[PDB]
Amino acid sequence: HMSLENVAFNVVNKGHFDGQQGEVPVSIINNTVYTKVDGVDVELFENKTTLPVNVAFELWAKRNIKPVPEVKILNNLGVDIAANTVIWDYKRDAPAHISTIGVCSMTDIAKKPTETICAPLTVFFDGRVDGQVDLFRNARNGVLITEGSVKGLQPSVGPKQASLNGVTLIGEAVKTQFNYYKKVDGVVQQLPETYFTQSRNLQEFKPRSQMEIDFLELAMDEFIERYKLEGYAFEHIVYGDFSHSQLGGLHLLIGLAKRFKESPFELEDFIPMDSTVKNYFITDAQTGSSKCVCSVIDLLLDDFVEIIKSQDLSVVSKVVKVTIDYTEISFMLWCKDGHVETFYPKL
């Protein structure tokens, strides 16, 4: 007996959908769900999705509340849909996937991933749920995560972090490090060797290596000299150039963080979704330097140093492809006279 009122009962009494019986009275108005508590309406859910309000409400209530892959990972791996769960996209306040399997009668294309409608879709499977490894083995297209080994299957070690109710974290009381597996057209695919982005934010930025501690603490010329970085244009790429009307460089999140602790600046997130490379319309409050499309990636600084130091500096311009978060990211590399001029994720 699935219903709007029953979903609301679960939210009010359990914090989310938990399969409990019961009903509470509900009002729908203005894309918002309310319920009566002692004779006044209390807001339970504001629909920010493109789905109907009561449908979105049910999907949100049925969201996965265990650590799950960040949406950008699932996207980069080509995931279309999840088996018997909802991956809630907290950056968009919306379901990560349009359709569902065994979740909601308005969005379900199937009750079970073994139905033939699911065959051409890349289904996400969670080895922590009973039977789902087996369902991946029988699926034509899919992505599987597990905490441990699956007999015969060659694993890919995923990122250290995962998302728990919209909080991205490296778990200590829970496990957030998964093995990853993928199948295309019935055939297991070798996932590529890859870097992972670090999913940090500007206000709460915290370093994760001695080099990153050195970066935030040392002045620019000291850091560059210590890590033998002359000729790699870190003054431009990482620290940023605020001297001209067009803001120069500034493509590593750690660089933004250092600048932010001194003087604030405005980041307009004009495509607000989770992705490996983010684009911001940036305006520096101190100088007035700005840039309409500033591509930013949060790599561990050691990894960015490793990447840029392995490049051939004898070419004037080169497209460098780097595998990050399981996807190929193109960088523009500009050199002159054997040193880097600039190096940025290509637009």
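Note that residue numbering follows the sequence shown and begins at 1.
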Item to complete: Would you tell me which stretch averages the higher CA B-factor in the PDB entry, 250 to 258 or 98 to 106?
Response: 250 to 258
Item to complete: Select between 236 to 244 and 270 to 278 the stretch whose C-alpha atoms have the higher average B-factor in the entry.
Response: 236 to 244
Fill in: Maximum C-alpha temperature factor, selected from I307, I65, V55, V293
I307
Worksheet, complete the sentence: Note to self: of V319, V33, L51, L59, the C-alpha temperature factor tops out at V319
Discussion item. Please say which third, lowest, middle or highest, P69 falls into when its CA temperature factor is compared across its chain.
Written reply: lowest
Worksheet, complete the sentence: Entry-reported C-alpha B-factor of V315 relative to its chain, by third, is highest
Item to complete: Looking at the entry's B-factor column for C-alpha atoms only, identify whether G78 ranks in the lowest, middle or highest third of its chain.
Response: lowest
Worksheet item: Should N10 be placed in the lowest, middle or highest third of its chain by the C-alpha B factor in the entry?
Response: lowest
Discussion item. Ranking every modelled residue in this chain by its Cα temperature factor as given in the entry, which third contains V123?
Written reply: lowest
